[PDB]
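Participant: Quick one: the structure is below, questions incoming.
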Amino acid sequence: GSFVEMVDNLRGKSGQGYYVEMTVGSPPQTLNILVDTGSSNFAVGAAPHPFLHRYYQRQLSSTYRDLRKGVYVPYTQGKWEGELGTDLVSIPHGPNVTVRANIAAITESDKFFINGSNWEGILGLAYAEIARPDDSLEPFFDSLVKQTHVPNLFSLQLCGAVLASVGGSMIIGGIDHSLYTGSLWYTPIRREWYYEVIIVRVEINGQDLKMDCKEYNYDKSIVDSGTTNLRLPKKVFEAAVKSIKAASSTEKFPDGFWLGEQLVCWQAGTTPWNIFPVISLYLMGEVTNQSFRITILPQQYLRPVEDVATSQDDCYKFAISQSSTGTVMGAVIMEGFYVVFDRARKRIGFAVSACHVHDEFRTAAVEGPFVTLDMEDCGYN
Ligand SMILES: CC(F)(F)[C@H]1OC(N)=N[C@](C)(c2cc(NC(=O)c3cnc(OCF)cn3)ccc2F)[C@H]1F
């Protein structure tokens with residue numbers, strides 16, 4: 001309940017993700033590693049790509065073992081290619097342990113590493129089913145639990161805000177009660193591949209979208225620290241934006257803004273947060289016919305873009321976007337909440353984050369219980 005050593009072990013920059021310090025090999029080589037609940041490989045830069053502050057030098061490690069197998073990982077945007085091996089891995093500001101983990105030594109990549117970012121690898125925290133090349137490549141967290149007495153859970157407090165610094169905590173093997181207020185509320189992990197969950201109802205400023213709830217999870221809903229946006233299925237996005245436009249009628253904005261094709265800027269600290277509605281996702285609860293509600297503010301979904309050279313004003317991107325891969329509860333969701341990935345009990349806990357950004361009128365919220373019928377029908381098959 002109190003893991004003081006792990007508090008504040010996350011760093012980052014706006015729009016560049018949250019990383020944790022790790023060591024690989026003997027003697028230990030220090031690397032900054034993106035915390036990613038939306039993938040399942042531990043994959044680290046292993047060659048001098050010019051964007052990289054540093055990289056894993058396998059020749060320097062006496063504990064390195066080669067698996068004599070490569071892996072090619074294409075994405076929608078980018079790609080990486082790597083060579084598989086195992087080595088000793090530890091987390092300096094995490095549990096006092098050392099595990100032998102699979103490592104994909106990245107040897108070629110495209111549109112993967114971020115120019116100007118301070119991380120050199122990715123820690124895939126999701127399950128073996130989506131590991132590359134196949135489910136026999138045991139993910140890091142699985143090895144950690146198998147090889148040690150670290151309990152089968154972790155929790156994330158992602159704290160949003162020159163690119164401004166972000167931070168937070170990754171509590172490995174436990175929960176730190178100072179990181180949230182009120183109660184944790186749990187939603188079932190529907191299936192252990194991604195951190196899959198079921199959205200049961202959507203509200204904009206308390207106004208139900210009245211869609212068939214299956215649309216909310218077409219073809220899945222996931223919790224993903226490695227995605228910035230709240231990503232919504234195309235039809236859900238359309239209805240949500242229509243409703244958000246209606247709720248913020250006080251001012252007009254161009255169509256491009258809602259599509260993330262264009263920024264909107266306001267003069268120095270004069271953001272009309274109050275014209276923008278709250279957004280509420282109801283998640284499947286732990287018991288039959290019971291749900292709970294998570295609520296985020298414009299402070300979560302209207303994200304500052306700091307690196308605009310051509311403007312002297314305060315510029316923002318609408319960080320709700322359309323998706324072909326289902327709902328993605330990215331940083332836009334997770335920055336509102338302390339999120340507990342309770343792998344042992346196949347569930348995910350949400351609580352109001354003690355570090356979430358809000359104003360004097362409105363706060364992010366986690367509330368329940370509510371009575372919701374036919375919640376199983378909301379899952380897609
Ligand atoms: C499916 C997908 F969208 F391509 C990616 O999504 C996830 N979850 N992880 C990967 C391995 C990834 C993730 C990132 N993530 C980020 O750069 C990032 C940036 N800002 C974030 O939050 C706001 F700070 C979160 N993640 C970068 C490169 C990447 F390759 C990809 F699989």
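Residue numbers start at 1 in each chain; chains themselves are named A, B, ... in the order of the structure tokens; ligands are numbered from 1 in the order shown.
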Leaving out residue 351 in chain A and any residue of its chain fewer than 5 positions from it, which residues lie within 9 Å of it when counting only C-alpha atoms, given as a list in words?

Facilitator: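 Non-adjacent residues within range: residues 180, 181, 182, 183, 184, 185, 294, 336, 337, 338, 339, 340, 365, 366 and 367 of chain A.
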
Participant: Each residue of chain A lying at most 6 Å from ligand 1 should get a row with its shortest atom-to-atom pair and the distance in Å to one decimal, counting only C-alpha atoms and all ligand atoms; could you produce that, ordered by chain and increasing number, as a tab-separated table?

Facilitator:
residue	atom	partner	partner_atom_place_in_ligand_line	distance
A:14	CA	ligand 1	24 (F)	4.9
A:15	CA	ligand 1	24 (F)	3.8
A:16	CA	ligand 1	19 (C)	3.9
A:17	CA	ligand 1	24 (F)	3.4
A:36	CA	ligand 1	8 (N)	5.5
A:38	CA	ligand 1	8 (N)	3.7
A:39	CA	ligand 1	9 (N)	5.4
A:75	CA	ligand 1	4 (F)	5.1
A:112	CA	ligand 1	28 (C)	5.0
A:224	CA	ligand 1	8 (N)	5.5
A:225	CA	ligand 1	25 (C)	5.5
A:226	CA	ligand 1	26 (N)	3.5
A:227	CA	ligand 1	25 (C)	4.2
A:228	CA	ligand 1	22 (O)	3.9
A:331	CA	ligand 1	22 (O)	4.8

Participant: Export N, CA and C atoms of the chosen residues as an mmCIF file, in the first residue's frame?

Facilitator:
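Writing the result to out_12.cif gives the following:
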data_model
loop_
_atom_site.group_PDB
_atom_site.id
_atom_site.type_symbol
_atom_site.label_atom_id
_atom_site.label_comp_id
_atom_site.auth_asym_id
_atom_site.auth_seq_id
_atom_site.Cartn_x
_atom_site.Cartn_y
_atom_site.Cartn_z
ATOM 1 N N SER A 14 5.371 16.078 -23.075
ATOM 2 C CA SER A 14 4.030 16.094 -23.676
ATOM 3 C C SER A 14 4.062 15.498 -25.070
ATOM 4 N N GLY A 15 3.170 14.541 -25.289
ATOM 5 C CA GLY A 15 3.031 13.905 -26.588
ATOM 6 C C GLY A 15 4.124 12.923 -26.944
ATOM 7 N N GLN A 16 5.021 12.611 -26.002
ATOM 8 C CA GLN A 16 6.146 11.682 -26.269
ATOM 9 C C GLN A 16 6.144 10.447 -25.358
ATOM 10 N N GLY A 17 5.140 10.360 -24.480
ATOM 11 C CA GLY A 17 4.947 9.189 -23.637
ATOM 12 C C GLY A 17 5.656 9.224 -22.299
ATOM 13 N N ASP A 36 4.346 0.785 -21.987
ATOM 14 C CA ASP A 36 3.352 0.578 -23.037
ATOM 15 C C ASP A 36 2.433 -0.614 -22.742
ATOM 16 N N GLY A 38 -0.175 -1.276 -24.363
ATOM 17 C CA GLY A 38 -0.774 -1.680 -25.636
ATOM 18 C C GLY A 38 0.064 -2.586 -26.536
ATOM 19 N N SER A 39 1.152 -3.153 -26.014
ATOM 20 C CA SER A 39 1.998 -4.089 -26.778
ATOM 21 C C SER A 39 2.644 -5.051 -25.781
ATOM 22 N N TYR A 75 3.929 -1.599 -38.191
ATOM 23 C CA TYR A 75 2.746 -0.899 -37.673
ATOM 24 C C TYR A 75 2.038 -0.198 -38.834
ATOM 25 N N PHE A 112 9.519 5.102 -35.747
ATOM 26 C CA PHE A 112 9.342 4.381 -34.494
ATOM 27 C C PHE A 112 9.859 5.233 -33.342
ATOM 28 N N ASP A 224 -4.484 1.653 -23.057
ATOM 29 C CA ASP A 224 -3.182 1.729 -23.725
ATOM 30 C C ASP A 224 -2.383 2.979 -23.341
ATOM 31 N N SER A 225 -1.389 2.815 -22.464
ATOM 32 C CA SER A 225 -0.503 3.917 -22.061
ATOM 33 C C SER A 225 0.414 4.375 -23.204
ATOM 34 N N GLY A 226 0.508 3.572 -24.268
ATOM 35 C CA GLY A 226 1.359 3.874 -25.412
ATOM 36 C C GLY A 226 0.648 4.566 -26.558
ATOM 37 N N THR A 227 -0.582 5.038 -26.310
ATOM 38 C CA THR A 227 -1.372 5.830 -27.253
ATOM 39 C C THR A 227 -1.744 7.137 -26.576
ATOM 40 N N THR A 228 -1.645 8.244 -27.313
ATOM 41 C CA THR A 228 -1.973 9.559 -26.757
ATOM 42 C C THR A 228 -3.483 9.793 -26.650
ATOM 43 N N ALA A 331 -3.575 8.025 -23.247
ATOM 44 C CA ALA A 331 -3.172 9.041 -22.259
ATOM 45 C C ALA A 331 -4.299 10.007 -21.893
#

Participant: Just want the 8 Å neighbourhood of range 258-262 of chain A, counted on only C-alpha atoms, with same-chain residues fewer than 3 positions away dropped. Output as a ChimeraX atom specification.

Facilitator: /A:241,254-255,317-319,321

Participant: CA of residue 233 in chain A and CA of residue 130 in chain A, how far apart in Å?

Facilitator: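 Rounded to one decimal, the two atoms are 20.9 Å apart.
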
Participant: Can you list every residue in range 223-264 of chain A that DSSP puts in helix (DSSP H, G or I), as a list in words?

Facilitator: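 Listing helix (DSSP H, G or I) positions across range 223-264 of chain A yields residues 234, 235, 236, 237, 238, 239, 240, 241, 242, 243, 244, 245, 246, 247, 255, 256, 257 and 258 of chain A.
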
Participant: How would the residues just picked look written out with C-alpha atoms as a PDB file, in the first residue's frame?

Facilitator:
ATOM      1  CA  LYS A 234     -15.793   5.856 -36.527  1.00  0.00           C
ATOM      2  CA  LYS A 235     -19.568   5.901 -35.852  1.00  0.00           C
ATOM      3  CA  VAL A 236     -19.044   6.599 -32.116  1.00  0.00           C
ATOM      4  CA  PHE A 237     -16.608   9.416 -32.904  1.00  0.00           C
ATOM      5  CA  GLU A 238     -19.173  11.001 -35.280  1.00  0.00           C
ATOM      6  CA  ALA A 239     -21.920  10.941 -32.667  1.00  0.00           C
ATOM      7  CA  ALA A 240     -19.520  12.118 -29.919  1.00  0.00           C
ATOM      8  CA  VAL A 241     -18.201  15.082 -31.930  1.00  0.00           C
ATOM      9  CA  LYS A 242     -21.774  16.057 -32.987  1.00  0.00           C
ATOM     10  CA  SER A 243     -22.708  16.109 -29.285  1.00  0.00           C
ATOM     11  CA  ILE A 244     -19.457  17.925 -28.191  1.00  0.00           C
ATOM     12  CA  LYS A 245     -20.049  20.538 -30.971  1.00  0.00           C
ATOM     13  CA  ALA A 246     -23.616  21.047 -29.708  1.00  0.00           C
ATOM     14  CA  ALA A 247     -22.484  21.390 -26.056  1.00  0.00           C
ATOM     15  CA  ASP A 255     -14.285  21.381 -39.138  1.00  0.00           C
ATOM     16  CA  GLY A 256     -10.551  20.601 -39.431  1.00  0.00           C
ATOM     17  CA  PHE A 257     -10.070  21.179 -35.669  1.00  0.00           C
ATOM     18  CA  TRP A 258     -12.531  18.366 -34.739  1.00  0.00           C
TER      19      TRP A 258
END

Participant: From the set A:117, A:267, A:155, A:280, which residue has the shortest atom-to-atom contact distance to residue 54 in chain A, counting only C-alpha atoms?

Facilitator: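 The answer is A:117, which sits nearest to residue 54 in chain A.
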
Participant: May I have the residues within 8 Å of residue 329 in chain A as a PyMOL selection string, using only C-alpha atoms and disregarding those fewer than 2 positions away in the same chain?

Facilitator: chain A and resi 221-225+227+229-231+327+331-334

Participant: Choose the residue, out of A:28, A:35, A:101, A:158, that has the smallest atom-to-atom separation from residue 8 in chain A; count only C-alpha atoms.

Facilitator: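 Of A:28, A:35, A:101, A:158, the one nearest residue 8 in chain A, counting only C-alpha atoms, is A:158.
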